[PDB]
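Reading through the C-alpha cells given below for one structure.
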Amino acid sequence: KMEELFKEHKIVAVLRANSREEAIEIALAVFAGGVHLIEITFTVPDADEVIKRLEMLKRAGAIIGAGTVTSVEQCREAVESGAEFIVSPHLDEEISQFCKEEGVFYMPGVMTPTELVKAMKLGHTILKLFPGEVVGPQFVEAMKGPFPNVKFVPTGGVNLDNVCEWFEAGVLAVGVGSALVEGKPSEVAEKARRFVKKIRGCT
Amino acid sequence: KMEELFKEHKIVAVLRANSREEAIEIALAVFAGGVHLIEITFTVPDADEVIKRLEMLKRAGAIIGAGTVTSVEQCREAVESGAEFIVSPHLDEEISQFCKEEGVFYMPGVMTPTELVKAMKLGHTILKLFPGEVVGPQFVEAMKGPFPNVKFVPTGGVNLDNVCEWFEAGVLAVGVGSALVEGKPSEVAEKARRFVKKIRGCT
Amino acid sequence: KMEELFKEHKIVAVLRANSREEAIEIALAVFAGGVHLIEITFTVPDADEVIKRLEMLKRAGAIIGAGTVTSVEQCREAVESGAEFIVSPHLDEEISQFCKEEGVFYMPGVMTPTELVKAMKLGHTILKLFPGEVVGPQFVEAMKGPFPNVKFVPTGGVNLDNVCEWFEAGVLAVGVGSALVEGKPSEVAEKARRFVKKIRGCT
Amino acid sequence: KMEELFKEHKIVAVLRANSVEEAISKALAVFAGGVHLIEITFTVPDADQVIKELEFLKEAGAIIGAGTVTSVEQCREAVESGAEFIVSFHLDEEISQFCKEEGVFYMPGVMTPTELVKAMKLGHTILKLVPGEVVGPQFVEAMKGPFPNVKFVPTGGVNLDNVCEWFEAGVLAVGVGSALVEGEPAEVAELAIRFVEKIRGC
Amino acid sequence: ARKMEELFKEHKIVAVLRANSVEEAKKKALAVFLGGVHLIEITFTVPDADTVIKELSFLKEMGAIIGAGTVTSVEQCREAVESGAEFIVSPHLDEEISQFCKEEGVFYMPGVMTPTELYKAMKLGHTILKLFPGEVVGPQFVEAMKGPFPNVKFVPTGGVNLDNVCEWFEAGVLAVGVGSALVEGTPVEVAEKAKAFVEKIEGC
Amino acid sequence: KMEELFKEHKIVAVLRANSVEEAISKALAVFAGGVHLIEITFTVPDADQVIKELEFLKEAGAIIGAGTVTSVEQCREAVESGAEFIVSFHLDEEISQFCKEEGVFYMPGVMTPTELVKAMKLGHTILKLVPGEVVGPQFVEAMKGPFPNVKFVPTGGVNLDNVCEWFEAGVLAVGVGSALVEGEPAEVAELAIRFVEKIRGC
Amino acid sequence: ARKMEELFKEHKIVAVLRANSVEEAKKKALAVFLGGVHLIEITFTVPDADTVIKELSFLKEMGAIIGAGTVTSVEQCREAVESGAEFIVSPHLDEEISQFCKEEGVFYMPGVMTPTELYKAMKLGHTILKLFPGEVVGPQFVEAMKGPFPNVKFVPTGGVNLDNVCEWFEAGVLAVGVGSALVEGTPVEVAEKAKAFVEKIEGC
Amino acid sequence: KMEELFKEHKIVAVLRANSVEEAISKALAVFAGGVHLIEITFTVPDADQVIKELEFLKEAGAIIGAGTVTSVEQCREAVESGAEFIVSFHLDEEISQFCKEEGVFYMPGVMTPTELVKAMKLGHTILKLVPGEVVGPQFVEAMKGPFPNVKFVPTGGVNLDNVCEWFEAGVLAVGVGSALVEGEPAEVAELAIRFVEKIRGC
Amino acid sequence: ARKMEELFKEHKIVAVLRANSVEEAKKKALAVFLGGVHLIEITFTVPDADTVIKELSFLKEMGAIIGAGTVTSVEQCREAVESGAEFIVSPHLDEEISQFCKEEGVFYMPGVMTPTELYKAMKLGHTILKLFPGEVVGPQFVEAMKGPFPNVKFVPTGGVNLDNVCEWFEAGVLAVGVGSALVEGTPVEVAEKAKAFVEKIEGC
C-alpha cells in the first residue's frame, strides 16, 4: 500500500539519467543512502530495461516505480516491466482508468483549483504538485481549508534549506529530482543521508 | 443587484466556523463591524441551520450567501436555505446552469487564462481569484489589458497592510477569510473597523 | 519560417496603442530600434488598417503579425489583412485549426502543465507564457526535464535588468509590452536599442 | 570621414518642417526607410532645437548635419548644436576656416566651372551642384574631363524616374529632399524605401 | 527709390527698347505706352539713347516711367542719370555702379545668373534682381532660389512671350522684361502686341 | 568493538580492482546489498586511495579495513589511510604490537594447531583460517573441542551452496570475497543480497 | 597675337586632343592635321604634355598651329609656353595666367559661362572667349550676349557634333571646339571624322 | 616403556566427561571392553580428580595418562596426579624437558613436515597426528618415505569403517576417542569390543 | 645459481630416486636419463648416496643434472656439495642449511606446506619452493597462493602420476617431482615410464 509507504519514508528519489548504466549506479547510491522510494523518469533510454532489473532491490525493501508518464503506451510498458506505481506530470484519464483496472497506484499531476477538484472526483486523494517551486507552501495551506481530505507530494525546488518548511505546512512526502541525483555516486549517497537526517529531525 | 452591492461595500466576510453556534455569533460581530456582505462556507456543521436562521439581518441591509460550494446538491440546499448568492472554489458547469435557472448570483473560481476565458464565455463578468496569495495583484494587472471587461474578487492573502495594493491594482472587492474572522467576537468586531477605515481611505 | 526568425531576433514588440496613428508612429520607432518582430494587439481601433498599411515594411525585413486574438473571427480578419502570425492569450481549438489550414504560424497561450501537454499533442512546439511575471523563469527551468523539446516565449515581467535571466533559463525570445512601447517615438526607439544591446551581450 | 559615408549610402534626405515634432516624425520615418544621411535645414523657424532632439538617432548610426547654412553665425550655431557637417549654397572663406578648425566637414555649392576652380583651391573635393534641374547630369559628365578628381552631390532635378541617370553621369550621392520627404510618416518611410532599393542596382 | 518695387508690382511688364534712330525709339516708346506698358527701358546700344531718354521726358506727365538699360560703366550711368533716367539696369552685378547709383539716389537693378551672384547682391542691399539670360535657366531657377532667398524678387528678361508669359509668374515673379516679342514691327503692331501682353498678364 | 560486529553481520566482503573507480562502484553495490564489513586488499595497485575515497560509507555504518597486509610498513600506511582493522595471512609479532599501540584491531592468518596455539598467546581470539579450500569446515569444528574459546573467520571455499555448513561447524563470520564480488555493480548487489538472505536462517 | 583671331576665323574648327600617352597623342595630332584641321589643342591631362607639344613642332612648317588646353595654373602655362605652345586655353577666367601670358606675348583664351565674368573678361582685354560646357549652355546664350556685349567673339566647346555644327555657326560663333566626336577611334577613323566636320562646316 | 604398549594394544581411548563419576563409569566400560590405554582430557572441569580415582585400574594392567595438555603448569599437575604419560597438540621445549627429567613419556602433536623435523631433533619417535580427518591416512604413508623411522598415533577421522585403512598406511596405534566413547556404559563397552575385534585382523 | 629456474622450466620434471644400493641407484638414474629426464635428485635414504652422486658425474657431460635430496642437516649437505651435487633439496624449511648453501654458491630449495612457511622463506630470498606432500593440499594450494605470493613459483612433489601430471601444470607450476610413479620396477620399465611422463607433460 503506497499510502503507508509514503508516510514511512516521506521522500522520493525522482531519478533521472541519460543511460541505463547511470540509472543503476544512481539507484544504488540513493538506496544505500536510506531512500527506499525510487521512481525512474520514463525518459531514460531503455528505462524499462532498468526497472525490470531492480527486482533485487524490491527484496531489500525498495519500492520501484516510474515517473514522467504522459501516455498510456508508456504506462503499459512501465507496468509490464514491474513498476509498482505510475506518476504523471499532468492529469490524464486514460492512464488512470488503465491503472485502476490493473490495480497499480497512480498519482496525477496538478497545479490549479480546477485540476484538484477534477482529480478528487476521480477518487485520487494524493496529488503531485508540480512545479512546486512556483506556487510554494502557501498553495497547500490554501487548499487545506476547502479540501482537508487532499494530500500533496510537491516536487521540484526542494532542498535541505526549505524541506522542513514543506513538512511544516503539511505534506505527505517531498520529491527531490536535483540535490538527490546530480553528482557522482559517492556524492549522491552523502546528499541522501543529509536529506534523511534533516527530515527525521524536523519530523 | 450583487454588482452594485459589491461596488458599495468592497469587502466580503468569507466566514468560517467549527460549529452552528460560532457561525451565528461571529456573523453578528462582523455585521456590527460595518461588513454587510457575508458568506458562510458551506462546511460549517449545520451550515443550513445557520443560514436560514439569519433571515432577520436582511432587513438590516445584510446580504447573506454561501461559499465553498463544490457540488450542485450543496448549492440546492444553500439556495433553499435563503442564500442570496453562491460562490465556488472552482469553475463548474452544473452549478452555473442551476443558478441561472433559479436567478441566483453565481461566482466561479478561476486561476488561469483558460479558466478565465471559459467563464467569460458563460456570461460571468465577475470572477473569484483563488488562491490570491499565490499569484498576487500582478495577475489582475496582466488581465486588465486583454480582458478589460472582467472584474476580480481575490480571496486570501488579504490583510490590513496590503489591502490598498489590491485596490490600486484594480479589484471590485476583497475576500478576508482569516485576518477578519479568527479570534473571538469581542476582537473580531474591532478588526472589522480597521478594515473598513483602511479601504475607505484608499478608496 | 517563424521558428528561425524568433531564434534570430530574440525579441517581440508586442505593440499596443489607442489609435491607428499611434500604432504607426510606434511601429516605426521600434523597427528603427532594431526590432524586426512586431505584432499588433488586435484591440487597436481599426487595427486591421494598421496591419495592411505597415505591410510596406515587409520589404525592409520587418515581420508583422497580430496578437491578443481570442476568437476565430478576429483571426480571420487579421489573416486577411496580411498578418504573418497569430498569437493568443489562451489555448483555443478553433483558431489553431483555421491557422493550420491557412498555413499561418500560431502560438497559443499557456500557464500550467496540463495546457503544455494539450498544446504539445496538437503539434505546437512553441508556447507563449502569460502572465510571465507571475511564474517567472523558474517555470521554464522546470519545464525542461519532462519537456526537453518545448520552447517558450514569455510575455510580461521583462525589463532591461532581468532580460538575461530569462535567456539563462532558456527561452526563444522575450515579449516586451511596456518598456518597448510606452513613451514618445524618440524615447521608444532609444529603449529599443538598449534592449537589443543587452540581449546581444548576454546572447 | 564623410566621403566614405557618401559612397556607402549614396543618398541624402533634406528635412523641412513647421515644427520640431514634425521634423522628428519625418526624420524617424526616413531613417527607418534606410536613409542614414540627414540634413536639417537651418533657416527654418526655431532651427536650433531639431538637431538636439534628433541626437538619439546618432546612436542608431544616423549622421546629422545642417542644411542651407548661408552665414558664419548660422554655421557657428549649427556646430554648437551638434551638427556633424555643414552644407551651403555658395563658397565662403570664413565658413571654410571655422569648420576646418573645428574638424567639421563642409561642402560649398557650385554652378559654374569658375566656382569649381576655387573651392578646389581651398581643399574641397565634394561639391553640391545646384540647381540640379538647371544644369542637369550633363554638367556632371562634361566637367569630368578637365576635373576627374571632383565628386558631386547634386540637389534638385532628381527623382526616382531619373535617379539612375544621375549615377550614370557619375556622382557620389544624390540629394533628393522633398522627393521622399513628404506626406505622412508612413508615406515618408515608403518613399525612402523605394529610393534606397532603386539606387541599389546601378 | 524703394517706390520702384511697388511700381513694378503694379505693371508687371517692362518694354526693352532698341532702335537705329531717335525717331524709331520715340515711336516705339509711345506705342508701348499707349498699349498699357508704362515701364520703358531705353538701352545704350543705340548712339542717341541719351537724346531719346531726354526727349521722352514729356511722357512722364502722362504717367510714363522712363529709365535706361544696358549700362556697363559708371560714366555711362552718370550720363543716364543726367538724362533723367529714373532707374538703371545692368546685364551684370556691379559694385561700382551700385555705389554710384546709391549716392545719387537712383534705383539700380543688377543682372545675375548664378546663386553665388544672388548672394553677393544681398550685401549691396538689393531686393530685386534681373535674371539674364532668362531663356537659359527658365522659371525653375526662380522657384529654386525661394529657399535660400525667400525675400528676393526677380525680374527675368528674355525667354518671355505670349505663350509662356503667364506661367512665368507662377514662379513668384515681380515683373517680366520683354524684348522683340513686344517691341518690333510698326508702331501699330507694337501697340497691338503690347495690348496682348497686358491683357493676358492682367488675369492670371 | 569488531568482535561484536563480526557476530552481528556474519559476512565479510573482500574487494579487489584494477582501478579506484571500479573499487568504489563495487564497494557501493556490496554495501547496498546489506554487507557492512568491507576489506580492501592493500597489495593492489595504488591501494592508498580507495580507503580514503570510501570514507563516505563509514557514516552509513560501514566498517572498512585493509586486507592481505604482510608488512609493518603496509600496516602503518593502512592505519594512516584510516583503516579500522588490519587482516593478514600469517602471524607476525611486530604487526601484533604496532596495531595494538594504535588501537587498531588485527587478526593473523592460521592453518595449523601450532600457529593457533601461538596467536592465542599474543592475545588473539579471532583467527583467519586459510586456505578454506584446503582445510574445510572439519578443521573449524574439530579445533573447537580443545580450543572452545577460539573463533574463526575462514576465507575461501565459501559459496551459497555451503555457506550454512561453515556456520554449522561454528564460525563468527565467513570471508566470501570474489564469491559475490564479481561482474557489474547490479550483479554484485544481487549476489550480496543472496548471501545475506541465505545466512539469515541458520 | 591678334593673328589668332584670323586663324580661328579662317579654320573654323578646333580639335581638342586628350590621351593617356605621348605616343597616342602624336598619332591623333597627325590624323587630325591630315584630316584638314590646322588648329590643335593639346590638353594638360596627358602625361608629358610638354613632350607632346614640342614633338609636334614639325607640323608647324606644314601650316599647323599647336596650342595647350586645360591649363589651370601659371606653372602649367609656363611649361606649355616653354614647349613652344602658340596659345593657352583655360576652362575658367584666370588673372594670374592672363598676366603671365601678356608678359610672354602668348595668346590666351579664358573660359566663361556667365554675363558677370564675361564683363570682367572684356575689362581684362580678352575679346575671344571659350564657352564651356556647351552641353549645358546652348546657342541661345550666344544669341543674347550680343546685345550688351556686341564685340565679343565666342568659341563654344563641347556638345558639338556633326548634326548641330551648322547651328552653332549660324549663331555667329567664331569657332567650334570639338572633342570625342572628332578625336576618337583609330588614326584612320580620326582623320575621316575630321574630314566630315570640315566638309559640312564649309558647306554651312 | 610405552613404545611397547602402543605396539601391543594398538588403540587409545580418549575420555571426556562433565563429572568425575561419569568419567569413571565410562573408563571402566572402556577398560572392560579390552582397551588398556586410557587418555584423560585434562581441560575438563575439576580434572585433577579422575586420574587419582582411576588408580585402582593400574593394578588391572591399565595405563592412564593425561591428554590435551597445552601448558607447563597443566603438565606438572598431570604428572603429580599420577599420569604415566603426557599428550599435547604442539611441540613445547619446556614440556619436553620437565617430562624428560621426571621420566615421563611425552609426545607432541604435529601436522606438517617442518614440525616433524624438529620433534625428531629433540628425540621424539612417536608423534600425534592432528587433525586426522583433515590430512587422512595418505599423510602417514607419504611421510614414511623420507622419514621411515617415525611412527604415528593419529586422532580424528578414525572409526570402525576405516580403522584398518589407518593401519595399512602404517601407524603404531589409533586414537579413537568419541568413536567408541559415547552413550551408556553398556554401549561404550560394546563399541570398545567391536574396535578390539576389528583391529585384531589387519 | 639462478640458472636453475630456467633449467626447471625447460625440463618440467624431476626424478626423485631411492634405492637400497649403489647398483640400483645407478641403473635407475640412467634409466630415467635415457627416457629424457635430465633433472635427477639423489636422496640420502640410500646408504651410499654420496658414492652415487660422485659415480654418476660422468653423465654431466651428457646434459645430466645431478643434485641431492632429503637433506636434514648442514653436515649432510656439506658432503652432498663435496660429492658434486649442483642443488640441495629439503622436505622442510631450514635456515641453517640455507645459509650454508648460500655461502657455498649452491642452489637450495626448501620444503613448505603452509602460508606462514611460504612467507618465512621469502626472508631468505627464495623464489622457488618445494610443495610437500603435494597430495595433501593439491593444485588448489598453488593457485590460492598466487594472490599473496605473486612472485613465487612451486615444484610439487608427490601425488604426481600419469593421470594428473599434465593437469598439475594448469595451476601455474614450474616443474613436478615424481617418485615411485616414475622410479620403480626394472631398468626397462623405468625408462619407458620416463618417456611416458615427458610425452604427456608436453601438452599442458
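We just call them A, B, C, D, E, F, G, H and I in the order they show up, numbering each chain from 1.
The criterion applied here is as follows: a contact is a pair of C-beta atoms (placed from the backbone, for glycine too) under 8 Å apart; a residue touches a chain by one contact, two chains touch by 3 or more.
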| item | value |
| --- | --- |
| Recurring contact interface, reference D-E, options F-I, D-G or H-I [over half identical by residue number] | F-I |
| Chain occupying the middle, per Cα centroid | C |
| For chain D paired with chain G, centre-to-centre distance based on mean C-alpha positions, whole Å | 36 |
| Between chain E and chain I, centroid-to-centroid distance (C-alpha), Å | 150 |
| Touching two or more other chains - residues of chain D | 112 |
| Residues within chain G bordering two or more other chains | 114 |
| Contacts with 2+ other chains: residues of chain B | 112 |
| Each pair of chains that touches, named by its two labels | A-B, A-C, A-F, B-C, C-D, D-E, D-G, E-G, F-H, F-I, H-I |
| Contacting residues of chain D [partner chain G, same complex] | 112-114, 116-117, 135-136, 138-139, 141-143, 145-148 |
| In the complex, chain A residues that touch chain C | 16, 41, 43, 68, 70, 89-91, 109, 111-112, 115, 130-131, 133-134, 156-157, 177 |
| In the complex, chain A residues that touch chain F | 24-25, 28-29, 31-34, 53, 56-57, 59-60, 185-186, 189-190, 193 |
| Residues of chain A touching chain B in the complex | 112-114, 116-117, 135-136, 138-139, 142-143, 145-146 |
| Complex contact set, residues of chain G against chain D | 18, 43, 45, 70, 72, 91-94, 111-114, 117, 132-133, 135-136, 158-159, 179 |
